[PDB]
Amino acid sequence: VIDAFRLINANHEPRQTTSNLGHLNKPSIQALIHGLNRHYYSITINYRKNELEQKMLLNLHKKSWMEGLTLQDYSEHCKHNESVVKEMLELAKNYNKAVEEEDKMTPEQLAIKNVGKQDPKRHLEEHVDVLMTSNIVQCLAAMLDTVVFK
Amino acid sequence: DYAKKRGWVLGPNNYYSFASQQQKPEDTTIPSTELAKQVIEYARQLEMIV
């Protein structure tokens with residue numbers, strides 16, 4: 001949240017419009033209350049960058065190469081998989097219970113049905129996504145290392 | 001004559017080893033390129049917009 005300002009003399013219109021560039025911001029209610037377009041006017045802020053600035057900003061988040069190929073302790077990986085599958089078991093029980101509903105439910109009541117109560121379908125989808133990502137990544141990294149390192 | 005026709009080693013008299021070992025294939029090489037391709041296909045199907 002940033003803005004640039006300049007004042008208006010005691011005069012007419014403060015500025016001349018030779019394009020649409022000025023009228024693209026929809027000045028905020030707070031600024032209008034506190035004196036925008038009456039005691040001062042705004043100026044558009046632009047963030048022109050040079051090539052080196054762009055490259056450095058992009059490179060900021062780049063990680064070391066070894067981190068990419070590094071594997072992950074197999075004991076911890078198996079423990080995490082086991083924990084998530086055990087959770088998915090109870091989530092499947094609850095999902096079976098929930099599917100039996102949704103027919104004995106008012107069209108409006110369904111929306112407020114999931115307020116303060118767990119959503120087995122959503123949690124199952126999230127767990128499936130996390131498990132798939134982790135296992136696929138680990139298997140692919142293992143194979144890649146198997147070939148690269150002799 | 002039939003022993004000669006077949007590929008029988010003709011060891012001791014009336015003693016022809018059949019080499020039922022079949023080379024006993026024990027060498028294993030961890031097929032890695034194909035497994036990597038399979039997992040990458042899994043990822044492609046998971047990510048692509050159907």
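Below is a table of values for the structure above.
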{"read-out": "Pairs, first of a type in the set (F, W, Y) in segment A:131-150, second surrounded by fewer than 16 Cβ atoms within 10 Å (Cβ to Cβ), C-beta under 7 Å, six or more apart", "value": "none"}
{"read-out": "Residue check, A:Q138 surrounded by 15 or more Cβ atoms within 10 Å (Cβ to Cβ) and either within 11 Å of another protein chain (Cβ to nearest Cβ) or over 19 Å from A:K86 (Cβ atoms) (or both)", "value": "yes"}
{"read-out": "Cross-chain or 6+ apart pairs with Cβ under 9 Å, segment B:31-50 first and in a helix (DSSP H, G or I), then small (G, A, S) and surrounded by 15 or more Cβ atoms within 10 Å (Cβ to Cβ)", "value": "B:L35/A:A142"}
{"read-out": "Residue within segment A:89-100 that is under 28 Å from B:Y42 (Cα atoms), away from every other protein chain (no Cβ under 14 Å) and of a type in the set (D, E, K, R) present", "value": "yes"}
{"read-out": "Residue, farthest from the chain's Cα centre (by Cα), within segment A:101-125, restricted to residues that are away from chain B (no Cβ under 14 Å) and of a type in the set (D, E)", "value": "A:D103"}
{"read-out": "Restricting segment B:27-45 to residues that are of a type in the set (V, I, T) and within 16 Å of the chain's Cα centre (by Cα), the residue that is nearest to A:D129 (Cα to Cα)", "value": "B:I30"}
{"read-out": "Count - residues of segment A:41-80 that are surrounded by 10 or more Cβ atoms within 10 Å (Cβ to Cβ), farther than 30 Å from A:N20 by Cα and either of a type outside the set (S, T, N, Q) or in contact with a helix residue (DSSP H, G or I) (Cβ under 7 Å, 6 or more places away or on another chain) (or both)", "value": "11"}
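Residue by residue, here is whether (1) in contact with a strand residue (DSSP E or B) (Cβ under 8 Å, 6 or more places away or on another chain); (2) of a type in the set (K, R); (3) exposed (fewer than 10 other Cβ atoms within 10 Å of the Cβ) holds:
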| site | (1), (2), (3) |
| --- | --- |
| A:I8 | yes, no, no |
| A:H23 | no, no, yes |
| A:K26 | no, yes, yes |
| A:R38 | no, yes, no |
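Reconstructed Cβ throughout: ideal geometry from the backbone, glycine too, with neighbour counts over all protein chains shown. Quick note: the coordinates plus some simple rules give every number you see, no bench work behind them.
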